[PDB]
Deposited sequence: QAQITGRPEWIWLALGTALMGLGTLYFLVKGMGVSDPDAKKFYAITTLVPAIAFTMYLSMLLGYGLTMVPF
């Protein structure tokens, strides 16, 4: 909780953590078990991408810096 001042930033961090957590479980389940492989990988990296997007915005290193 770096930016505790704004609850929106906290909500963002929470959202990113939620997505990251979900992606983590998806990866664990993915490993635990032609284009279907890519589709499945993406489906498993759904939370991974969500987290990356939320991080790029939270930190503002992939959003603020570049679109």
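- Sequence ranges 1, 35-36, 71 have no coordinates in this entry (deposited sequence, numbered from 1, C-alpha basis).
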